[PDB]
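Read through the structure below, which is laid out as structure tokens, and then see the notes.
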């Protein structure tokens with residue numbers, strides 16, 4: 002005389018559909034969790050890294066030189082180069098970078114180029130040990146964005162001779178066989194350098210990203226494509242979309258031959274032919290009501306290829322104006338799920354190989370047994386996997402995300418809540434005798450059980466029930482109600498996997 | 002001994018199919034409601050905006066200049082420019098616009114152009130603070146429609162030297178780097194300006210809208226496409242459709258790589274290859290019987306990308322001839338549903354970013370608790386989301402649609418009605434003991450229950466039953482009949498979400 | 140409230156507890172539990188009455204056969 006209902010692998014958070022209409026395998030609310038392989042796990046933790054450099058860092062770029070990883074960190078006035086042990090200044094002089102003049106950089110013909118909208122572009126050759134101004138660069142010209150494509154360098158949103166114009170794409174000469182382009186003059190008809198203007202809408206060019214064999218250019222309200230054809234015209238221009246654009250720089254990533262883009266009022270995915278929205282009907286209303294009005298330009302997107310995730314980082318309304326991004330929504334493109342996570346007031350992030358330089362030994366191990374840990378064979382350095390590093394400009398810190406299970410020592414709280422469960426019977430009263438969780442790992446969780454009499458109305462909650470992961474089989478309670486609601490609250494100092502549960506109910510108890 | 006039948010997420014209004022044949026999840030009739038995410042919600046309310054500008058406004062166009070939004074309002078005889086705080090006159094002199102000479106406008110090479118069929122085109126440069134007549138414009142020439150495509154300006158439905166030719170497409174010379182085109186002469190063979198005539202049907206060009214990488218030209222009875230190929234012919238013309246056309250200007254919108262068009266006797270969607278109707282078998286007969294015969298030319302279409310909706314605004318037969326649009330039908334392209342809404346006698350509308358300039362504070366808050374409201378973190382200005390603004394010419398008013406839940410203070414009534422429910426048994430009589438609604442929010446609703454003995458015949462209704470949202474669980478009644486009918490009437494001063502209900506019936510009461 | 144304590148409550152609280160539970164389940168319109176608790180209350184009342192009746196065995200015979208003729 003005891004009924005049982007089993008919920009298996011509930012993943013994802015949906016706030017657009019009313020909780021009474023969601024399938025049994027979805028969460029109505031959550032915080033500080035990840036969904037992967039049908040399991041809900043604790044969100045990743047951050048640890049300090051590069052704790053030997055001075056001045057705040059704006060942007061970061063990883064690369065490999067001389068078979069050694071190297072992170073180029075652009076500051077407000079000087080560059081630095083880091084290898085995990087030492088930080089070396091390589092800046093030529095004093096730059097005028099700021100939060101309104103961000104850095105673009107890349108590689109071209111073996112030369113590493115960097116640029117900001119308030120200085121002439123700088124280059125670094127394999128022979129030199131420092132940056133030098135870019136040769137042949139025209140005087141009194143600044144480029145908001147600078148990128149490399151095939152055998153060309155491209156400038157976007159260009160100011161020249163104190164008059165600015167954001168709807169011109171400028172490409173230099175091919176200049177093959179290594180080296181830097183020898184000229185940028187478009188007026189010369191004996192070379193292949195040229196200019197074009199995408200001026201048919203009031204929007205302005207924001208960013209440009211490669212995709213397969215094309216260069217996608219994102220305006221504020223439209224999306225164009227550039228293709229290289231050679232001949233007498235070199236480049237061919239084609240308009241792709243006219244109804245959506247991009248929110249800001251670093252808001253478009255490439256994965257599996259598609260582009261994930263965060264636009265104005267929508268988040269979509271396109272392959273250059275077909276476009277479809279991925280945030281609709283899941284977290285759309287929640288997301289486009291939490292953006293801080295005074296800071297809707299620090300939003301940026303990062304990618305985790307190993308975990309197959311896309312992070313959208315932004316500044317929520319919980320923070321005062323003037324602060325940087327503090328919240329993030331993570332989308333899993335292999336399972337189509339969303340998650341919400343807190344951030345430690347970061348401004349930019351990067352994905353690349355890093356060596357923390359931490360010895361293993363036996364007598365150099367803080368963080369006692371029940372703190373994440375990894376498999377026995379794995380060490381602190383894994384060259385086969387990348388890692389994510391964020392930079393907090395205002396707090397002047399660099400965080401490496403990953404192994405650690407604490408917010409740099411501090412403990413955080415993870416929550417998962419579902420409400421309005423009635424199992425197809427919205428008249429009788431349910432009893433709910435026990436809850437059997439399926440959690441593997443270490444730590445202690447708290448379970449809250451509540452009931453509601455009218456759909457969408459207030460909920461009467463019952464006191465927290467402790468549950469020891471790995472020892473306790475179930476928690477005992479007695480909660481008569483019409484619509485059931487469950488809340489799982491996980492503390493820190495432990496790693497846990499959560500992949501469903503079971504509700505054990507006594508026979509019904511009337512209909513009023 | 003009590004049977005229960007649950008209806009989950011009924012959305013959409015269908016009037017073409019007989020109500021006895023509709024699925025259980027559809028509404029036979031309704032008014033002043035929206036359907037979104039499987040929920041039925043109160044229709045949007047309008048609040049007066051720009052209550053400092055004189056003279057009626059004909060057309061509105063938003064854009065961004067100097068990193069600030071600006072709305073250009075083209076009125077009867079003088080332009081105005083608004084930024085949310087002040088209105089500045091920018092007209093050079095006195096125009097001769099009217100309700101039969103509407104304004105077209107756009108951007109080209111950073112220059113904002115405007116035009117009406119009774120004046121020479123005007124331009125506004127970034128340097129100047131006023132409008133100037135277009136240079137190089139041929140004398141004694143007027144264009145009903147003027148648009149921008151790639152590096153060209155296009156004129157359609159053109160009169161010249163007191164003879165009108167309504168089937169010419171006229172394109173000027175290409176524009177290099179920036180600035181306005183230098184010539185419009187087609188006779189000169191050393192330039193790329195030219196003319197073409199789409200004269201094989203009695204119809205006339207009405208409008209032209211971009212689609213992907215082509216320019217779609219709409220006639221009264223056919224649809225053509227133009228594409229830029231360069232070379233010796235510049236443009237290539239291609240006929241698409243011959244059986245449908247367009248109803249009037251501003252009756253074709255682009256969304257997700259498709260075109261939504263309101264034709265003569267049909268409303269369809271096409272991607273340039275395949276065409277299909279979206280209004281058939283839902284509200285077709287109702288819609289094409291309600292347009293005022295004397296005003297079937299003010300109909301216009303607007304788009305809400307955030308809500309993914311298309312509004313068709315027209316003047317219904319309830320209005321005296323000579324008035325503007327007063328009714329609207331809204332189509333949701335993500336769920337394929339239709340809804341009906343009232344309008345406050347508007348003539349034109351626009352979609353763009355607006356800053357109402359309303360302080361939040363604590364002591365400047367009218368509109369008591371149970372009036373819509375938003376989330377705690379949200380303010381009055383959300384740059385990440387757009388808004389809809391309509392203009393009433395005859396009443397000389399500007400309305401912003403959105404947050405407010407009243408028709409500018411006045412309260413409206415929302416209705417939802419379904420009829421002829423018999424649950425597969427059309428011989429015996431049902432009892433109907435109670436109705437359990439699933440409504441979340443605040444306010445009070447009224448429920449009407451009726452029965453009919455013969456399909457499609459009269460209905461005997463029962464007195465209104467009040468229902469307090471959030472407190473009452475059900476309403477109690479007793480109504481014996483063969484075919485059931487339900488009506489829900491929502492007053493105002495509250496926000497409510499409605500996502501289904503349940504019918505509780507006693508055992509049948511014989512077959513007569 | 141004005142009479143918080145009575146001899147019946149202090150002598151056998153199960154009677155009052157079961158009666159209140161049966162009344163509650165009658166109010167909430169549940170049938171099986173109401174019948175169960177009603178049977179429990181009836182059994183408790185019968186037990187109390189039986190204990191009272193068998194308090195003195197000698198008096199049981201008397202007060203039964205009176206005036207036959």
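Chains as they are written, first to last, in the authors' numbering: chain Y, 2 to 513; chain c, 2 to 513; chain O, 140 to 208. Cβ atoms here follow ideal geometry from the backbone N, Cα and C, with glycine treated the same way.
Per DSSP, which residues does residue i bridge with? Please list them.
| i | result |
| --- | --- |
| residue 417 of chain Y | Y:31, Y:489 |
| residue 196 of chain O | Residue 196 of chain O is not bridged to any residue. |
| residue 261 of chain Y | Y:254, Y:270 |
| residue 1 of chain c | This structure does not reach residue 1 of chain c, given that chain c is present from 2 up to 513, and the question cannot be answered. |
| residue 174 of chain c | In DSSP, residue 174 of chain c forms no bridge with anything. |
| residue 157 of chain Y | Y:146, Y:170 |
| residue 1 of chain c | Residue numbering for chain c in the displayed model covers 2 to 513; residue 1 of chain c lies beyond these limits and cannot be assessed. |
| residue 210 of chain c | c:217 |
| residue 113 of chain Y | Y:108, Y:125 |
| residue 506 of chain Y | Y:4 |
I'd like the list of long-range same chain contacts for residue i, defined as Cβ closer than 6 Å, with 5 residues on each side in sequence excluded.
| i | result |
| --- | --- |
| residue 284 of chain Y | 16, 339 |
| residue 25 of chain Y | 8 |
| residue 200 of chain Y | 168 |
| residue 254 of chain Y | 261, 302, 304 |
| residue 402 of chain Y | 45, 47, 389 |
| residue 96 of chain c | 78, 120 |
| residue 228 of chain c | 215, 237 |
What does a CB cutoff of less than 8 Å around residue i pick up in its chain, not counting 5 residues either side in sequence?
| i | result |
| --- | --- |
| residue 337 of chain c | 13, 279 |
| residue 478 of chain c | 433, 434, 435, 436, 450, 463, 466 |
| residue 412 of chain c | 492, 493, 494 |
Please tell me whether, using a cut-off of 7 Å, the distance from the CB of residue i to the nearest non-hydrogen atom of the ligand ZN is below it.
| i | result |
| --- | --- |
| residue 468 of chain c | Absent from the structure shown: the ligand ZN. Ligands present: none. |
Would you mind giving the Cβ-Cβ distance between residue i and residue j, rounded to the nearest angstrom? I have them listed as a contact below 8 Å.
| i | j | result |
| --- | --- | --- |
| residue 437 of chain Y | residue 498 of chain Y | Not quite, the Cβ-Cβ distance comes to about 16 Å (not below 8 Å), so this is no contact. |
| residue 267 of chain Y | residue 245 of chain Y | 6 Å |
| residue 144 of chain c | residue 159 of chain c | 5 Å |
| residue 484 of chain c | residue 422 of chain c | 7 Å |
| residue 235 of chain Y | residue 193 of chain Y | 5 Å |
| residue 322 of chain Y | residue 295 of chain Y | 4 Å |
Excluding five sequence neighbours on each side, which residues of the same chain lie with their C-beta closer than 7 Å to the C-beta of residue i?
| i | result |
| --- | --- |
| residue 256 of chain c | 304, 334 |
| residue 57 of chain c | 76, 77, 394, 397 |
| residue 109 of chain Y | 149, 154 |
| residue 1 of chain c | The structure shown does not extend to residue 1 of chain c, since chain c is modelled only from 2 to 513, so the question has no answer here. |
For a contact meaning CB atoms closer than 9 Å, what does residue i contact in chain B?
| i | result |
| --- | --- |
| residue 172 of chain O | Although the question refers to chain B, the structure presented lacks it and instead comprises the protein chains Y, c and O. |
Return the residues of the stretch 430-458 of chain c that lie within a Cβ-Cβ distance of less than 8 Å from chain Y, sorted by chain order. 437, 439, 440, 441, 442
Which residues, in chain order, does the stretch 478-510 of chain c contribute to contact with chain Y at a C-beta distance below 9 Å? 498, 500, 501, 503, 505
Stretch-stretch touch, CB-based, cutoff 8 Å, three pairs: the stretch 342-352 of chain Y with the stretch 386-397 of chain Y: Contact check between the stretch 342-352 of chain Y and the stretch 386-397 of chain Y: three or more CB pairs, one atom from each, fall below 8 Å, which counts as touching.
Of all the residues that make up the stretch 224-241 of chain Y, which are near chain c by a beta-carbon distance shorter than 8 Å? Within the stretch 224-241 of chain Y, the residues whose Cβ lies closer than 8 Å to some Cβ of chain c are 239, 240, 241, listed in chain order.
In the stretch 48-65 of chain c, which residues sit with their C-beta less than 7 Å from some C-beta in chain Y, listed in chain order? 64, 65
If you measure beta-carbon to beta-carbon, which residues of the stretch 90-106 of chain c are closer than 8 Å to chain Y? none
Counting beta carbon pairs with one atom in the stretch 181-192 of chain O and one in the stretch 150-158 of chain O, are three or more of them shorter than 8 Å? yes
Three CB pairs or more closer than 8 Å across the stretch 233-245 of chain Y and the stretch 210-218 of chain c: Segments in contact, yes.
Meets three-Cβ-pair contact criterion under 8 Å: the stretch 176-196 of chain Y and the stretch 217-228 of chain Y: no
Specify whether the stretch 18-36 of chain Y and the stretch 413-427 of chain Y touch according to this definition: at least 3 beta carbon pairs, one from each stretch, less than 8 Å apart. yes
Members of the stretch 173-185 of chain c near chain Y, C-beta cut-off 7 Å: Flagged, chain order: 178, 179.
Using a Cβ-Cβ cut-off of less than 9 Å, give me the residues of the stretch 152-169 of chain O that come near chain Y, in sequence order. 164, 166, 167, 168, 169
Within 8 Å of chain Y by C-beta, residues of the stretch 22-45 of chain c in sequence order: Cβ proximity to chain Y below 8 Å picks out 38, 39, 40 from the stretch 22-45 of chain c.
Chain Y contacts from the stretch 239-268 of chain c (Cβ-Cβ distance under 8 Å): 255, 256, 257, 258
Would the stretch 353-373 of chain c count as touching the stretch 317-331 of chain c if we require 3 or more Cβ pairs under 8 Å? no
For the stretch 380-396 of chain c, list every residue whose C-beta sits within 7 Å of some C-beta in chain Y, in sequence order. Of all residues in the stretch 380-396 of chain c, those with a C-beta nearer than 7 Å to a C-beta of chain Y are 380, 382, 383, 384, 385, 386, 387, reading in chain order.
For the stretch 294-306 of chain Y, enumerate the residues whose C-beta is nearer than 8 Å to any C-beta of chain c, in chain order. The residues in question are 294, 297.
Any C-beta of chain Y within less than 8 Å: which residues of the stretch 332-343 of chain c qualify? 335
Within the chosen definition, does the stretch 363-370 of chain Y reach the stretch 49-67 of chain Y through at least 3 CB pairs nearer than 8 Å? no
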